[PDB]
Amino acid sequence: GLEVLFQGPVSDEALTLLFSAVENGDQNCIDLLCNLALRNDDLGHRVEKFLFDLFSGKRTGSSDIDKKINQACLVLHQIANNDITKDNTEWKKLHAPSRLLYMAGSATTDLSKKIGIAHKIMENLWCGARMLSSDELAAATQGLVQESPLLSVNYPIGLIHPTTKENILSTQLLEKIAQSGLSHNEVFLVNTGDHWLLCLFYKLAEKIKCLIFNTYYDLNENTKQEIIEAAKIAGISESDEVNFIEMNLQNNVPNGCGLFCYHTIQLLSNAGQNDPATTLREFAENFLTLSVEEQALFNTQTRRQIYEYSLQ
């Protein structure tokens, strides 16, 4: 029944058939899966994505298919570190930032066998406590909203410039207003040391509303004031109109401030006709009712879905 994988463009159904076979099969089906995702052709590309979507939680799967993927990742790890593969740098999937190389590098805990892999992708890319860089966050948050014209995300900045003490959020706002104006929803991602803040500017019928989403410990009145000063540039009247939503969610999600910024923008993109403050506050409250494992799974899955934008 798997003969259809080699007959013309591969159906989304034929792919589910493949992973159904892997779920119920043994080492042959795993080896077949790896062989197919290693291909340069369109079929290899389709298999590679479907596999990555299951590896990242973008597609749900049985707990049995997750265990097959862990094996596929280990097989690819061994192929990526094999001497034959290293001698043939023309094999793009094994020498470039690919989904396949990322999955391969997630197979052990020995960094000694992830060095070359990491270099080809760009250091421990698979750490669950990585404080996200601005470029990595910029790629993911903006790719996330390509199909949402009403939702605009800006390049991640710091709140205050180190060598001049100037409000950068004040300048980014000014420039965005001059360059394109403020969209229906305007997202600004602002760094305050270790922390990424989600600054959402949204209009409620000719009335600008501001909203700050903090997923760590609460903020200093100093940093809060610098934000408000910037917030007033966008047409916010008095400091009381700025809504600071602050709930620490980063106990079991270390340095996950950028992770929550990403997932938040996704929530806003899929619930367009609603209230941002409610959408976010309900998430943060619901997130605290989850188990340690459900949170650690969010940590892992969001990190993998984020880095996909830094891959080909």
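The first residue of the sequence shown is number 1, and the count goes up from there.
Missing deposited residues between residue 122 and residue 123: 10 or more, all without coordinates in the entry.
As the entry records it, the average C-alpha temperature factor is higher for 155-163, out of 155-163 and 90-98. As recorded in the PDB entry, 124-132 is the stretch of 124-132 and 100-108 with the greater mean C-alpha temperature factor.
Of the candidates 40, 28, 70, 252, the deposited coordinates give 252 the top C-alpha B factor.
The PDB entry assigns its highest CA temperature factor, among 76, 205, 190, 138, to 205. Sort the chain's modelled residues by C-alpha temperature factor and residue 282 lands in the highest third, per the entry. Sort the chain's modelled residues by C-alpha temperature factor and residue 181 lands in the middle third, per the entry. When the CA B factors of the chain's modelled residues are split into thirds, the value for residue 310 lands in the lowest one. Sort the modelled residues of the chain by CA B factor and residue 195 lands in the highest third. Split the chain's modelled residues into thirds by C-alpha temperature factor. Residue 32 is in the lowest one.
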